[PDB]
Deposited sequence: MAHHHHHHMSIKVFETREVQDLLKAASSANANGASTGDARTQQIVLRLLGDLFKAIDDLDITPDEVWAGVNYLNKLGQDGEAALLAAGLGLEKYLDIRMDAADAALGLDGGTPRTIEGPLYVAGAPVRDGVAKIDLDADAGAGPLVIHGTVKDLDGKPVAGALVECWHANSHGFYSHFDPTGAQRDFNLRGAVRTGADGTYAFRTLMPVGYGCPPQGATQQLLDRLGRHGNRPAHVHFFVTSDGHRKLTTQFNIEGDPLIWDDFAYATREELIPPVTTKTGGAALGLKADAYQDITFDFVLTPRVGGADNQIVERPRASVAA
């Protein structure tokens, strides 16, 4: 049985997506398209009322859990946005900088900004060894970028982020920091080694992933923003070398270029670290110039 092409369905689609205020034309356009696509899929796949109401109930749970942005990551929609942004840059030759990858839903605004270097582990974590991340911010010609704002955030040894830790064990901005580069363009973060993240086991995202036969885990990783006057804003990450989930990220974010080598070094005491032996990661950023920033993204983000 197929009804999508009937006049009644077409009229219903038009009424539901248009004004009886005149409304927002762009919202009307997008709703018409998405509602029409949904109706056609229901027609094509013979999706039953019971199935629709189960999906409607799932949307209630998803929003109740506050997890719609987590599901956006888990279904590859967030990665898809990067694919489209990558293709846009390639058409304009705005590639060759450090590659972007997904932001994820766990950024928090307001971390204290330091000149040159920041120590960002505030809470003791006996399951996480000391880690130093350092490098240079440069332009496409290799010249250092001064005054760039490099922001970092990552998880603790239980896979939890500050401001999102269900045990309440972390202080504000634990494992979150911002460095303002000086004239030499260099940055360094002094922190602890992250462990991979997993979706809240009872949450809506994991519920649907379970139905798909999929896990909800990420490899260990570290997030970055880089903001600089005259350069486009970089959103990226890198993964911790050797993680078994490195090519099995439930958020599809891993890139071969974003897996820097990890090396063990000594002398941690002189760098203010909690142990003599520590892990060291060199990671350089290459920024691209503006045109106006045609790829910066505005989305809801936590703050304190």
property: Deposited positions without coordinates, collected into consecutive stretches in sequence order; result: 1-10, 31-34, 306-307, 321-322
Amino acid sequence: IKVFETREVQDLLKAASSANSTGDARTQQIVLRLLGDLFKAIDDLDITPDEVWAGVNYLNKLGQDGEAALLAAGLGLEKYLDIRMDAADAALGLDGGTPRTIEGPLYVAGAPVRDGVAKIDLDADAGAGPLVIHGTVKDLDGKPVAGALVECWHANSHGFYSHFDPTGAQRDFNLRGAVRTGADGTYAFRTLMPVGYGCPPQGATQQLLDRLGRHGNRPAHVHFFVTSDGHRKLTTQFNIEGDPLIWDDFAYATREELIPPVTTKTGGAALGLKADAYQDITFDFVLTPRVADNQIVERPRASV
From here on, numbers count along this sequence of modelled residues.
{"item": "Mean C-alpha temperature factor, higher of 149-157 and 72-80", "value": "149-157"}
{"item": "Higher-B stretch (mean Cα B-factor, as the entry records it), 228-236 or 169-177", "value": "228-236"}
{"item": "Per the PDB entry, maximal CA B factor within 194, 144, 219, 213", "value": "144"}
{"item": "Identity of residue with top Cα B-factor, from 49, 272, 36, 63", "value": "272"}
{"item": "Ranked C-alpha temperature factor of residue 297 among modelled chain residues, by third", "value": "middle"}
{"item": "CA B-factor ranking of residue 57, expressed as a third of its chain", "value": "lowest"}
{"item": "Third assignment of residue 99 from its chain's C-alpha B-factors", "value": "middle"}
{"item": "Among modelled residues of the same chain, the CA temperature factor third for residue 88", "value": "middle"}
{"item": "B-factor third for the C-alpha atom of residue 43 within its chain", "value": "lowest"}
